[PDB]
Peer 1: 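Attaching a single structure in structure tokens format; questions to follow.
Atoms within each ligand, like the ligands themselves, are counted from 1 in listed order. All chains are named by letter (A, B, ...) in the order of the sequence lines, taking the proteins before the strands, and each is independently numbered beginning at 1.
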Amino acid sequence: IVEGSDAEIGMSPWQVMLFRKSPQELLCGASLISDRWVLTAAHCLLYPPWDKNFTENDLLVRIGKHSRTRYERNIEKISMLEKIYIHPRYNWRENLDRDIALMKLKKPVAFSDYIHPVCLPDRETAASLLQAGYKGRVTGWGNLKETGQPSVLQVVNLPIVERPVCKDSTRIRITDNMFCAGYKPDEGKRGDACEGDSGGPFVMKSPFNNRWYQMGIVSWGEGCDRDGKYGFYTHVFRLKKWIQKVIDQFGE
Amino acid sequence: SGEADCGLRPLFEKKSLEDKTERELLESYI
Amino acid sequence: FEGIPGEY
Ligand SMILES: N=C(N)[C@H]1CC[C@H](CNC(=O)[C@@H]2C=CCn3c(=O)n(CCS(=O)(=O)c4ccc(Br)cc4)c(=O)n32)CC1
Ligand code: NA
């Protein structure tokens with residue numbers, strides 16, 4: 001996160017650290033959607049151009065954290081991955097469309113004050129909130145600057161920008177499964193997600209039932225916080241039915 | 001939606017307490 | 001990165 005603040009303890013209880021076994025390293029952010037399921041970005045597991053292709057056995061999921069590096073002794077819970085599922089139409093070859101992956105845990109995690117699942121949006125929630133100028137919130141242990149590392153979890157509140165705008169900001173082809181967010185150079189407020197933040201949650205709070213909803217997944221952007229550029233997220237409501245298929249086809 | 005008890009934070013909403021910047025979000029919701 | 005328990 002660039003230009004954010006440290007997270008309050010217990011503020012984003014669905015945040016998950018995607019952690020690799022060796023070198024012991026932070027690989028990405030993520031979110032807990034139930035007690036056996038985590039959602040992240042498929043770029044986190046598979047990215048051939050970069051020679052990236054991680055298996056269940058290459059990683060751990062760390063849930064309950066605030067500190068980035070320390071091991072949070074009676075606070076964080078560590079899980080082993082049972083199976084990984086990437087969207088069959090993840091397009092890593094051109095614009096990363098359908099960047100989403102499900103991970104199913106070897107055993108369900110117990111909730112606590114620091115471990116709690118985010119809600120998945122329904123059609124009406126997606127419908128009222130996902131509007132240009134509404135602010136959502138991104139979190140991660142990621143870079144503080146494009147080109148260092150926080151000690152604890154960062155948070156930033158960013159506005160959903162109008163499509164055209166998103167569209168005229170890059171040479172990359174944008175698809176209906178994407179959304180961009182960030183301030184405009186004129187707004188005189190800034191912040192973005194950055195490297196290390198991928199797979200984290202872009203969540204919103206419902207005014208109607210006052211529940212938090214995961215609306216997007218951290219995906220791509222050019223640089224971190226550049227004036228006239230926006231961060232792109234996977235539109236979670238649009239990939240919603242693939243989500244229910246796998247969980248039904250395979251879990252819970 | 002995406003849980004059952006989902007989206008209600010034990011330390012905040014469950015105790016009726018607000019995080020320091022949730023009002024900015026809530027204030028954009030036009 | 002602090003050390004994680006090998007049980008894991
Ligand atoms: N600044 C941000 N808001 C986002 C910035 C970047 C990160 C991480 N991204 C990536 O992992 C992703 C994933 C794979 C490759 N990659 C890029 O080549 N580029 C940067 C250049 S680019 O945005 O023009 C681009 C976008 C899609 C593709 Br496909 C290639 C290149 C990029 O952003 N991506 C997340 C936060
Ligand atoms: Na920007």
Side-chain angles (χ1 to χ4, degrees), chain A residues 1-4 15-18 20 25-31 39-54 59 86-87 89-101 132-133 135-150 153-203 214-236:
Chain A
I1 302 323
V2 173
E3 291 300 306
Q15 193 53 241
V16 170
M17 177 174 302
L18 251 228
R20 174 215 187 147
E25 38 167 23
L26 164 38
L27 223 65
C28 270
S31 68
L39 174 72
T40 182
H43 77 268
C44 280
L45 322 166
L46 197 80
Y47 193 74
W50 293 339
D51 283 315
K52 210 164 63 238
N53 174 354
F54 301 113
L59 20 123
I86 319 220
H87 194 287
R89 297 255 272 154
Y90 175 35
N91 189 342
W92 52 268
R93 273 203 152 89
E94 110 203 43
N95 51 4
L96 245 36
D97 167 64
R98 310 191 157 100
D99 197 3
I100 189 161
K135 268 158 220 213
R137 174 188 284 176
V138 182
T139 59
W141 284 294
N143 281 349
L144 284 154
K145 239 146 223 18
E146 153 171 7
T147 189
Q149 289 152 356
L153 191 83
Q154 322 285 109
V155 54
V156 72
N157 295 348
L158 291 184
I160 292 197
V161 179
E162 317 61 352
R163 274 207 146 226
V165 177
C166 287
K167 270 78 180 248
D168 286 340
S169 93
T170 186
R171 300 190 91 140
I172 282 288
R173 180 186 50 97
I174 303 303
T175 82
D176 300 334
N177 302 326
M178 286 152 200
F179 73 88
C180 83
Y183 293 82
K184 295 330 208 325
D186 51 279
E187 291 140 311
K189 278 195 152 252
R190 75 167 49 226
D192 196 6
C194 191
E195 160 143 36
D197 291 310
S198 291
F202 172 106
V203 290
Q214 207 170 326
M215 295 332 255
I217 307 174
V218 175
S219 215
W220 70 279
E222 301 147 271
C224 303
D225 207 23
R226 313 270 213 56
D227 291 9
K229 297 256 153 180
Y230 319 76
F232 276 88
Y233 305 75
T234 319
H235 205 283
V236 162

Peer 1: Any idea which part of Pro49(A) is under 4.0 Å from ligand 1, heavy-atom wise: side chain, backbone, both or neither?
Peer 2: neither
Peer 1: Between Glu94(A) and ligand 1, which part of the residue brings a heavy atom under 4.0 Å of the ligand: side chain, backbone, both or neither?
Peer 2: backbone
Peer 1: Of the listed options (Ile1(A), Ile172(A), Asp99(A), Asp197(A)), which comes nearest to atom 24 (O) of ligand 1 when hydrogens are ignored and any heavy atom counts?
Peer 2: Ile172(A)
Peer 1: How far is atom 26 (C) of ligand 1 from the closest protein heavy atom, and which atom is that?
Peer 2: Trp220(A) CE3, 3.3 Å
Peer 1: With a 4.0 Å cut-off on heavy atoms, is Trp50(A) touching ligand 1?
Peer 2: yes
Peer 1: Measure the shortest side-chain to side-chain distance between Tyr90(A) and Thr234(A) over non-hydrogen atoms and say whether it is less than 4.5 angstrom.
Peer 2: no
Peer 1: Considering only protein heavy atoms, which is closest to atom 18 (O) of ligand 1, and at what distance to one decimal place?
Peer 2: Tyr47(A) OH, 4.1 Å
Peer 1: Quick one: look up the protein heavy atom nearest atom 10 (C) of ligand 1 and list residue, atom name and how far away it is.
Peer 2: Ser219(A) O, 3.5 Å
Peer 1: What is the closest protein heavy atom to atom 8 (C) of ligand 1, and at what distance does it sit?
Peer 2: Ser198(A) OG, 3.6 Å
Peer 1: What side-chain donor-acceptor pairs closer than 3.5 Å can you find for residues 40-47 of chain A, not counting sequence neighbours?
Peer 2:
| from | atom 1 | to | atom 2 | distance (Å) |
| --- | --- | --- | --- | --- |
| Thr40(A) | OG1 | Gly29(A) | O | 3.3 |
| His43(A) | ND1 | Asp99(A) | OD2 | 2.8 |
| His43(A) | NE2 | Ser198(A) | OG | 2.5 |

Peer 1: Relative to the heavy atoms of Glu222(A), which atoms of ligand 1 are at a distance of less than 4.0 Å?
Peer 2: 23 (O), 24 (O)
Peer 1: Quick one: which of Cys194(A), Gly200(A), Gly223(A), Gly231(A) has a heavy atom closest to atom 36 (C) of ligand 1?
Peer 2: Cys194(A)
Peer 1: Check whether more than 12 heavy atoms from other residues, nucleotides or ligands sit under 6.0 Å from atom CD of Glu25(A), and answer yes or no.
Peer 2: yes
Peer 1: Which atom names give the shortest non-hydrogen contact between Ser169(A) and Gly228(A), and what distance separates them?
Peer 2: CB-O, 3.9 Å
Peer 1: Pick one: which of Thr175(A), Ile172(A), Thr170(A) meets side-chain contact (heavy atoms from CB on, under 4.5 Å) with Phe232(A)?
Peer 2: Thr170(A)
Peer 1: Check side chain to side chain contact (heavy atoms under 4.5 Å, CB included) between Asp176(A) and all other residues, then give those that pass, not counting sequence neighbours.
Peer 2: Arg163(A), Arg238(A)
Peer 1: Measure the distance from atom 21 (C) of ligand 1 to every protein heavy atom, then report the residue, atom name and distance (to 0.1 Å) of the closest one.
Peer 2: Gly221(A) O, 4.4 Å
Peer 1: For ligand 1, which atoms sit closer than 4.0 Å to a heavy atom of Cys224(A)?
Peer 2: 1 (N)
Peer 1: Can you tell which of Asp225(A), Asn91(A), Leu158(A), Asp192(A) gets a heavy atom nearest to atom 2 (C) of ligand 1?
Peer 2: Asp192(A)
Peer 1: Indicate yes or no: at least one non-hydrogen side-chain atom of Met178(A) is less than 4.5 angstrom from one of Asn95(A).
Peer 2: yes
Peer 1: Who are the side chain to side chain contact (heavy atoms under 4.5 Å, CB included) partners of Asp186(A), not counting sequence neighbours?
Peer 2: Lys184(A)
Peer 1: Would you mind checking if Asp225(A) and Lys145(A) are paired as a salt bridge, meaning a charged N to carboxylate O distance below 4.0 Å?
Peer 2: no
Peer 1: Checking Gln214(A) side chain against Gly216(A) main chain: does a donor-acceptor pair fall under 3.5 Å?
Peer 2: yes
Peer 1: I need the atoms of ligand 1 closer than 4.0 Å to a non-hydrogen atom of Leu96(A), numbered in the order shown.
Peer 2: 12 (C), 13 (C), 14 (C), 29 (Br)
Peer 1: Counting both backbone and side chain atoms, is some N or O of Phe232(A) under 3.5 Å from an N or O of ligand 1?
Peer 2: no
Peer 1: Please check: side-chain N/O of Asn91(A) versus main-chain N/O of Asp97(A), any donor-acceptor pairing under 3.5 Å?
Peer 2: no
Peer 1: Evaluate the ring planes of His235(A) and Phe179(A), with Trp represented by its six-membered ring, and classify them as parallel (under 30°), tilted (30 to 60°) or perpendicular (over 60°).
Peer 2: perpendicular
Peer 1: Suppose the cut-off is 3.0 Å; which protein N/O/S atoms would you list for the Na ion (ligand 2)?
Peer 2: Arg226(A) O, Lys229(A) O
Peer 1: Give a yes or no on whether a salt bridge exists between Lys229(A) and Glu222(A), defined as a side-chain N under 4.0 angstrom from a carboxylate O.
Peer 2: yes
